[PDB]
Amino acid sequence: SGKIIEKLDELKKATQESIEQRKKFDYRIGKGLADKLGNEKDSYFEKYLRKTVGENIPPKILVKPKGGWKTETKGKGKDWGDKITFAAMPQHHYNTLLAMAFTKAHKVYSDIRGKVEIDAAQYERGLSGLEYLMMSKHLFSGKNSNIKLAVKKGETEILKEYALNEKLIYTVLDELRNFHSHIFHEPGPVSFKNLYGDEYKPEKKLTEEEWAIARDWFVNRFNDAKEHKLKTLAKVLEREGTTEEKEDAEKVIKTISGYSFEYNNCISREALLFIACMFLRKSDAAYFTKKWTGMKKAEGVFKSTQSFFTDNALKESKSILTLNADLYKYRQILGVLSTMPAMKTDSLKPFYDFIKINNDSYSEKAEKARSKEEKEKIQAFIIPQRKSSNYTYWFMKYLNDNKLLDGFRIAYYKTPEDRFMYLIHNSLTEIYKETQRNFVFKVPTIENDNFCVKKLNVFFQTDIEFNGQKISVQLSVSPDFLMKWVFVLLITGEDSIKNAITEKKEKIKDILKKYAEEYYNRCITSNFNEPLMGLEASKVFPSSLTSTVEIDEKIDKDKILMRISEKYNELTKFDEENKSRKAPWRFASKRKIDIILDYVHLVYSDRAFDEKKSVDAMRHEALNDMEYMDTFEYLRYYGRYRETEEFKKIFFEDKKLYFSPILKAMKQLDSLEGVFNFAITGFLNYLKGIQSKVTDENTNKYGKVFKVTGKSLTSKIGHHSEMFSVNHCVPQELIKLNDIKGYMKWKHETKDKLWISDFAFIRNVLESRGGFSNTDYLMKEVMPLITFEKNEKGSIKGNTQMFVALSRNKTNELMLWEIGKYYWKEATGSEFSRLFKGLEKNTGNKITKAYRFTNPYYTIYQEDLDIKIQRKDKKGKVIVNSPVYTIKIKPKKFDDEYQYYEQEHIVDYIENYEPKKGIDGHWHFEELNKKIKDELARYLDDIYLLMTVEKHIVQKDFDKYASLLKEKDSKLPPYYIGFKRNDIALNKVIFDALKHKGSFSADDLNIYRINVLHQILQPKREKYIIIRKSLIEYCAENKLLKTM
RNA sequence: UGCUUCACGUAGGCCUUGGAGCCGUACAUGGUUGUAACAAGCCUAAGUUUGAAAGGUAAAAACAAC
Ligand SMILES: [Mg+2]
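Residues numbered from 1 in each chain as written, not as in the entry; some residues may be left out. Chains lettered and ligands numbered in written order. Heavy atoms only, no water.

### Details of the overall build of chain A
Turning to step 1, where the next piece is worked out: A count of helices and strands for chain A gives 40 helices and eight strands.
Turning to step 2, where the next piece is worked out: A principal-axis box enclosing the C-alpha atoms of chain A has dimensions of 105 × 75 × 70 Å.
Turning to step 3, where the next piece is worked out: Out of the 1044 residues in chain A, the part that is buried amounts to 43%.
Turning to step 4, where the next piece is worked out: A total of about 58,500 Å² of accessible surface is found on chain A, and carbon and sulfur atoms cover 52% of it.
Turning to step 5, where the next piece is worked out: If the 183 positive side-chain charges of chain A are averaged to one point and the 154 negative ones to another, these points end up 4 Å apart. (Helix = DSSP H or I, 4+ residues; strand = E, 2+ residues; numbered from the N terminus. Buried < 20%, exposed > 50% of the residue type's maximum accessible area, 1.4 Å probe, protein only. Areas by Shrake-Rupley, 256 points an atom, 1.4 Å probe, with all protein chains shown as cover. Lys, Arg positive; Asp, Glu negative; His and termini not counted. Charge placed at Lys NZ, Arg CZ, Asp CG, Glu CD.)

### Comments concerning the protein's contact with RNA strand B
Turning to step 1, where the next piece is worked out: Near RNA strand B, the surroundings consist of 155 residues, among which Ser-141, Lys-235, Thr-345, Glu-566 and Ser-757 are the closest.
Turning to step 2, where the next piece is worked out: Restricting the count to atoms of RNA strand B within 4 Å of the protein gives a sugar and phosphate share of 57%.
Turning to step 3, where the next piece is worked out: At a separation of 3.0 Å, a base oxygen of RNA strand B approaches a polar backbone atom of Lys-152.
Turning to step 4, where the next piece is worked out: At a separation of 2.7 Å, a sugar or linking oxygen of RNA strand B approaches a polar side-chain atom of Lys-590.
Turning to step 5, where the next piece is worked out: Examining the composition of the surface near RNA strand B, we find that nine residues originate from one element, helix α31 (residues 799–825), more than from any other. (Near = heavy atom within 4 Å. Polar contact = N/O pair within 3.5 Å; in protein donor to acceptor, adjacent residues only side chain to side chain.)

### Observations concerning unusual backbone geometry
Turning to step 1, where the next piece is worked out: Notably, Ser-260 is not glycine yet its phi reads approximately 65°, a positive angle.
Turning to step 2, where the next piece is worked out: With respect to the helices and strands, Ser-260 occurs in the loop between α8 (245–256) and α9 (268–279).
Turning to step 3, where the next piece is worked out: A positive phi is found at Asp-957, a non-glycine position, where the angle reads about 55°.
Turning to step 4, where the next piece is worked out: Among the structural elements, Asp-957 can be located in the loop between α36 (939–955) and α37 (958–962).
Turning to step 5, where the next piece is worked out: Note on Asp-957: relative accessible area 53%, which makes it exposed.

### Looking at the packing of α36 against helix α40 (residues 1021–1037)
Turning to step 1, where the next piece is worked out: Between α36 and α40, whose axes approach to 10 Å, the crossing angle comes to 45°. Comparing their axes, α40 and α36 come out oblique. Between α36 and α40 lies a crossing of left-handed hand. Counting all contacts with α36, which are made through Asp-941, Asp-942, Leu-945, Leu-946, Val-949, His-952 and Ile-953, the residues of α40 involved are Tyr-1024, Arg-1028, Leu-1031, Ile-1032, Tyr-1034 and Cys-1035.
Turning to step 2, where the next piece is worked out: Grouping the amino acids of the contact of α36 with α40 by side-chain chemistry returns nine nonpolar, one polar and three charged. (Axes fitted to C-alpha atoms, helices over the stretch in contact; angles between N-to-C directions. Parallel < 35°, antiparallel > 145°, perpendicular 65-115°, else oblique. Left-handed = near helix turned anticlockwise from the far one by under 90°. Contact = heavy atoms within 4.5 Å. Nonpolar A, V, L, I, M, F, W, Y, C, P; charged D, E, K, R; others polar.)

### Concerning the packing of aromatic side chains
Turning to step 1, where the next piece is worked out: Here the structure, examined in full by the defined rule, presents 70 aromatic pairs.
Turning to step 2, where the next piece is worked out: Here a set of aromatic residues connected by ring pairs shows up, and it is made of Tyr-330, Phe-772, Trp-817, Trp-824, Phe-832, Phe-836 and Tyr-857.
Turning to step 3, where the next piece is worked out: Here the basic side chain of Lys-917 rests over the ring of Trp-923, its NZ or CZ set 4.0 Å away from the ring centre. (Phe/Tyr/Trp six-rings, centres within 6.5 Å; stacked < 30°, edge-to-face > 60°. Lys NZ or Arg CZ within 6 Å of the ring centre and 35° of its normal.)

### Thoughts on the side chain of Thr-96
Turning to step 1, where the next piece is worked out: Mapping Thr-96 onto the fold places it in helix α3 (residues 94–123).
Turning to step 2, where the next piece is worked out: Look past the residues within four positions of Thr-96 in its chain and what remains in contact with it is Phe-25, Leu-940, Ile-943 and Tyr-944.

### Regarding the domain arrangement of chain A
Turning to step 1, where the next piece is worked out: For chain A, the domain assignment lists domain 1 (94–310), domain 2 (325–385 + 744–866), domain 3 (400–524) and domain 4 (557–709).
Turning to step 2, where the next piece is worked out: For domain 1 and domain 3, the distance between their C-alpha centres works out to 45 Å.
Turning to step 3, where the next piece is worked out: Contact with domain 1, which involves 10 residues of that partner, is made by seven residues of domain 3.
Turning to step 4, where the next piece is worked out: Of the roughly 800 Å² buried at the junction of domain 1 and domain 3 (both faces included), carbon and sulfur atoms supply 79%.
Turning to step 5, where the next piece is worked out: Looking at the side of domain 1 facing domain 3, the largest losses of area belong to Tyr-123, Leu-133 and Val-151, adding up to 50% of the total buried there.
Turning to step 6, where the next piece is worked out: In this structure, the connection of domain 1 to domain 3 is made through zero salt bridges. (Domains from an automatic or database assignment. Buried area = accessible area lost by both parts, 1.4 Å probe. Salt bridge = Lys/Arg side-chain N within 4 Å of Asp/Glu carboxyl O.)

### Quick look at the pattern of salt bridges
Turning to step 1, where the next piece is worked out: Taken as a whole, this structure holds 45 salt bridges when the rule is applied.
Turning to step 2, where the next piece is worked out: Taking the shortest distance from any N to any O, the salt bridge between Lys-153 and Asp-630 comes out at 2.6 Å.
Turning to step 3, where the next piece is worked out: What makes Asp-630 buried here is its relative accessible area of 8%.
Turning to step 4, where the next piece is worked out: Across the salt bridge formed by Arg-619 and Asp-616, the nearest N and O atoms sit 2.5 Å from each other. Of the two residues, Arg-619 and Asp-616 both sit in helix α22 (residues 616–620), three residues apart, roughly one turn of that helix.
Turning to step 5, where the next piece is worked out: A residue is classified by how much of its surface remains accessible, and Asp-616, at 35% relative accessible area, is partly exposed.
Turning to step 6, where the next piece is worked out: Here the residues in one salt-bridge network are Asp-326, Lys-329, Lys-397 and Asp-401, joined through shared partners.

### Considering a positive patch on the surface
Turning to step 1, where the next piece is worked out: Judged by side-chain charge, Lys-137, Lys-148, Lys-152 and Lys-315 come together as a positively charged surface patch.
Turning to step 2, where the next piece is worked out: As for its position among the elements, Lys-152 is in helix α5 (residues 145–153). (Patch = residues over 30% accessible without salt bridge, like charges linked within 9 Å, V, L, I, M, F, W, Y side chains within 5 Å.)

### Observations regarding helix α7 (residues 213–237)
Turning to step 1, where the next piece is worked out: Under the 1.5 Å per step criterion, the end-to-end length of α7 is 35 Å for 25 residues, consistent within 8% with the ideal 36 Å.
Turning to step 2, where the next piece is worked out: Looking only at α7, the buried set comprises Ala-214, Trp-217, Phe-218, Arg-221, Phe-222, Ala-225, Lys-226, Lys-229 and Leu-233. (Expected span 1.5 Å × (residues − 1).)

### A few points about the packing of α3 against α36
What describes two packed helices is the angle between their axes and the distance between those same axes.
Turning to step 1, where the next piece is worked out: It is at 10 Å that the axes of α3 and α36 come closest, and there the two elements cross at 110°. In terms of orientation, α3 lies roughly perpendicular with respect to α36. As for how α3 packs across α36, the hand of that crossing is right-handed. For the pair formed by α3 and α36, the contact residues are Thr-96, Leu-97 and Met-100 on the first element and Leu-940, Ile-943 and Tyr-944 on the second.
Turning to step 2, where the next piece is worked out: Partitioned by chemical class, the residues of the contact of α3 with α36 number five nonpolar, one polar and no charged.

### Things to note about the state of the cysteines
Turning to step 1, where the next piece is worked out: Scanning all chains against the criterion turns up zero disulfides.
Turning to step 2, where the next piece is worked out: Its sulfur unpaired, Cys-277 is 19 Å from the next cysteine sulfur, which belongs to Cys-266.
Turning to step 3, where the next piece is worked out: Take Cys-729: it sits in no disulfide, and the sulfur closest to it among the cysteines is that of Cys-523, at 12 Å. (Disulfide = S-S within 2.5 Å.)

### Topic: a negative patch on the surface
Turning to step 1, where the next piece is worked out: Together, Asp-198, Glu-199, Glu-208 and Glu-210 give the surface a local cluster of negative charge.
Turning to step 2, where the next piece is worked out: Looking at where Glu-199 falls in the secondary structure, it is placed in the loop between α6 (158–180) and α7.

### Some remarks on the environment of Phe-772
Turning to step 1, where the next piece is worked out: Looking at the element boundaries, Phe-772 is found in the loop between α29 (758–768) and α30 (778–782).
Turning to step 2, where the next piece is worked out: Judged by relative accessible area, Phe-772 falls into the buried class, the value being 7%.
Turning to step 3, where the next piece is worked out: In contact with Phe-772, not counting residues within four places along its chain, are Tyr-777, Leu-814, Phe-836, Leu-839, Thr-854, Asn-855, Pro-856 and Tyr-857.

### Some points on the environment of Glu-155
Turning to step 1, where the next piece is worked out: Inspection of the secondary structure assignment puts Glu-155 in the loop between α5 and α6.
Turning to step 2, where the next piece is worked out: Residue classification places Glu-155 among the partly exposed positions, given a relative accessible area of 46%.

### Overview of the side chain of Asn-146
Turning to step 1, where the next piece is worked out: Residue position: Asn-146 is located in helix α5.
Turning to step 2, where the next piece is worked out: By relative accessible area, which is 15% here, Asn-146 ends up buried.
Turning to step 3, where the next piece is worked out: Leaving out residues up to four positions away in the same chain, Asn-146 has contacts with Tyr-162, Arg-640 and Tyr-641.

Next comes the structure, spelled out in structure tokens:
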């Protein structure tokens, strides 16, 4: 054991050198006014510490210039007469933040790994298989595009290698935490080596003198992020500016240029923060980044200096709410309704032009004002512009909450885990067809809201019973059918409708089932001429079976000149609406790539038709499905996938004939936006070129290349009747609002309206109850201010698409708040009794009624909520019997990170501590958050005091501590500090040390140390103050700190 | 001490998500050729909250060859 004991001496020397050199916990304070203390520069920190333990130290430092000055030597901007007052806390060393960050990172990552493990166990140690599919959803900010492409192809080859990599990086993170939480430790995880011995190793397999692949992965990720930030900052640099953000960009590019994974022979400070913020939560990484960096509120360019550490982070998927579920749905509906929608229908272009002019004129008037109360008096006219408008999702959520979907099947979005299960679980063409589809049918439950919205449509499945057979029929329900379903629910409870004969109650699900059966039985026996039920004969049965010509007619030139013109103006409209945006490189991905690919496909099709190739010669020269997926993947991430071998393998070779018009310009520009403007300009030039060559000789020239076809064939009816029978669509007017109280009076009152529909009746009924609609403001306060260019006869151009779309807005808003009102019935137990005022015409030169003061939903969105903070245990267990607390929480700060923060700290601060209820009588979220974060700000101070005390303990008796790590049939872990060793201990050593005590325990000190390690709120505030005061006095006895 | 940060702790302080041109979960998102526009859009009635009927564009969802 001579080599073993020699390993002990060399590890002891390494540990001693590490403790002497790299285990510095030295705090440091800023310059300016903080460094002006001079003599009390020698004595500041403990003078703060006593202030934050209870002692009365007055801030009697009032140093003044004491006179009037003329020279620049005075130069002090001392307009704030108060001094430091020993309440602000100084910057601590990186080791304390790293210790807390690695402990929190190991906690949250072990929690996420355990959750992924139980999810994959119930759904059917490196998380191999679909375990890494969930873990790769979680690991970065959704950066699993290569893994998604691999499971879409079916390779399942990168998953095992990525699983090893994840296991190795988890062990590296665990060893980094175990180093950083302790004082007496080998310098292993900082300078990646094998000081353990490489032969005597009881499953401490950190590196085994071969896992420099962990280092390779670390430099790969660090350098990828570094050159990505260099490219981004280069793109910002040459932008326009007032020579002020140019110097800021120069400072940022000075900071990023540097860093590196290796400094001297160690990982150094930046890469440790990179690993920690990679393994942390998003808010935890942001907090540790803004504690590490001196910048408090990052603005302009400097967000990138934060973002360098917060680019990866963790995903943190959505949370399942159990107490305030309906209140959260009400808040979401109100947040949707508090915003002006952005309709893309033209002839509303002056509306949004005036909206943009008004908003740009008032956002500059928001500045150059005084205080915060006068700012809102000018900010109140700025109209928010909405994001989503998911009317179909909210309708289907209302039908899901009341369990109105029974005996059905609803298409839901496809997950990568479902794709992998379909891959491992396997007529081959049926499986190939199901593989291409991105939706799946399953029985709807309450806890499922992944509804498939494909161009505002939803998909249903019905089980009609022709001759006892179980023929499943897919439908496609229009968004104006579910809206009428919600109306029939919301007017008459226990919904029913009556038909033309015997006037029964028809139970709309049974109406849909009978309609599917009747459509099947009518398609099976032609009958496309008679009307169906009472709808029409042409509102069902499309033009493939109704209108037909016996002989396929010759394609005329005017049809081609119309198709070319409509494609040209559609491309021009897209180009103008993309150039109108402030950041053009964020608009679309399915639309920008498809324009380029349709351009190259049309150019290839013309070049291959005029050269007269074959039928199969087109297909094998084109892009296959896997080749399409590769093309879309390498075009979406063109800045990342530019220099790889696959890019030049599939683009510059193997496919040079197809991609011919773009390879000339692909060697100059280095972005997706670079290869988009050239392609759309080439498309416009090509359409303008071939528009003038559609003479009668070149009629077949621009035929099958453009896919222009006339009407159908008479013989092609029986084949269509066997494929349009299943998978047809449901029109919006299948159900009739005949027996609703007020229908006949409305039809009698509105008789000189020849173009009326049931949506006017829905508008009248839901406006009888009172409610805003987002369109009364649009046509009574902003509309009369704008002058419109006329038509040849009409006073406004584009009438039939101007008002109708507005009506298509209006009743939809009158739907949505009604649903929200229902959730208030599920929230407080009482009806919504607030009265809403009407609106009047403006008839003035300017606009006087502010959107933020006249929209009632925007006023409700800023006024309080009720909540229940009953505590929750681990896993998906039920709420335990605990006292229920109510606080006043704003609806804005009611998102998912509040749902994490509440169970993290708010319940333990309400229960264990004793807060005051305030003037109102209920707690407020702002004061609670301020008190919790103020009580957690001193926590790294606590760990600094503990580390200084332990360093002073282990610096003496170093041979005594080293002699009690001999062997355990091999090399032990060289760390001794664990505060619970059975031979000599360390909490007992501090317990019988110079710690004065009257009410104390060694177990209490261990509990306090575990709490300051893991950032958990203290059980008793008073005992924690006693421990803090004892440690402050013990540190001040031996002159341990640099403040002595 | 040190390759570091210049800032006196905590909470506050909103149009179009610039700094993420390579993020992301609320979907026309899996290709070529023929058949496919009932559903969803987009244009055509109106100085006002009239989505009917009609006339063009329009391929979401589907069938047969690779
Ligand atoms: Mg119509």
